[PDB]
Amino acid sequence: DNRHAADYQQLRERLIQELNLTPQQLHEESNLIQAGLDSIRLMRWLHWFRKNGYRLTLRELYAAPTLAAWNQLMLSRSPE
């Protein structure tokens with residue numbers, strides 16, 4: 001189904017597990033900062049993304065810290 005966006009699945013799992021949240025509590029459009037994910041974690045996640053070959057910058061993820069938008073940001077700016 002998803003392509004580069006399949007990498008997002010590992011993120012989706014990790015966030016749920018890091019925030020001590022559940023898939024029905026941490027929904028993907030839910031703001032991660034508002035869910036307990038600080039800006040350190042946020043940037044740390046970019047250390048994941050850029051290292052996975054994602055040409056994302058901090059501001060873009062920072063403006064909309066949500067799995068939903070990030071999913072879009074993963075796929076819609078990568079070669080697919």
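Quick notes on the rules
- Shown numbers run from 1 along every chain as its sequence is written, which may differ from how the entry numbers residues; residues without coordinates are omitted from display.
- Excluding hydrogens and water, the side-chain values take into account all heavy atoms of the structure.
- By the criteria applied, helices consist of DSSP H or I runs no shorter than four residues and strands consist of E runs no shorter than two, each listed in order from the N terminus.
- For every element, the axis is a line fit to its C-alpha atoms; helices are fit only across the contacting stretch, and the angle between N-to-C directions ranges from 0 to 180 degrees.
- Working rule for angles: under 35 degrees goes down as roughly parallel, over 145 as roughly antiparallel, 65 to 115 as roughly perpendicular, anything else as oblique.
- Crossing handedness follows the turn of the near helix against the far one: under a right angle anticlockwise gives a left-handed crossing, and clockwise gives a right-handed one.
- The contact definition used throughout considers only heavy atoms, calling two residues in contact when any of these lie within 4.5 Å.
- Polarity classes work like this: nonpolar for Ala, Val, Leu, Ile, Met, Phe, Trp, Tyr, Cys and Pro, charged for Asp, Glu, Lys and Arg, and polar for all others, with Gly in that last group.
- Among buried residues, those of type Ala, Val, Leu, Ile, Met, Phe, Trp, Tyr and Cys that are joined through side-chain atoms within 4.5 Å constitute a nonpolar core.
- Each residue is placed in one exposure class: buried if its accessible area under a 1.4 Å probe, protein chains only, is under 20% of its type's maximum, exposed if it is over 50%, and partly exposed if it falls in between.

*Asks:* Explain unusual backbone geometry to me, and be specific about the residues and the numbers.
*Replies:* For residues besides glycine, phi is generally negative; the peptide bonds are generally trans as well. With phi around 60°, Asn 20 is a residue other than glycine that occupies positive phi space. With respect to the helices, strands and loops of the structure, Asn 20 is situated in the loop between α1 (7-18) and α2 (39-49).

*Asks:* Break down the packing of α1 against helix α4 (residues 67-75) for me, with residues and values.
*Replies:* Put simply, α1 and α4 touch, their axes get as near as 10 Å, and they point 155° apart. It follows from the interaxial angle that α1 and α4 lie roughly antiparallel. In the packing of α1 onto α4, the handedness of the crossing is right-handed. Seen from α1, the contacting residues are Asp 7, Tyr 8, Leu 11, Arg 12 and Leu 15; seen from α4, they are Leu 67, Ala 68, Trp 70, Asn 71 and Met 74. Its residues assigned to classes, the contact of α1 with α4 comprises seven nonpolar, one polar and two charged.

*Asks:* With reference to specific residues and values, describe the nonpolar core.
*Replies:* By size, the foremost hydrophobic cluster in this structure holds 20 residues, and its most contacted members are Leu 11, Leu 15, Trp 45, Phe 49, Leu 61 and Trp 70. Of all the elements in the fold, those that place two or more residues in this core are α1, α2 and α4. Those residues within four positions of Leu 61 in sequence are excluded, and the remaining contacts are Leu 42, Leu 46, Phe 49, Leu 56, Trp 70 and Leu 73.

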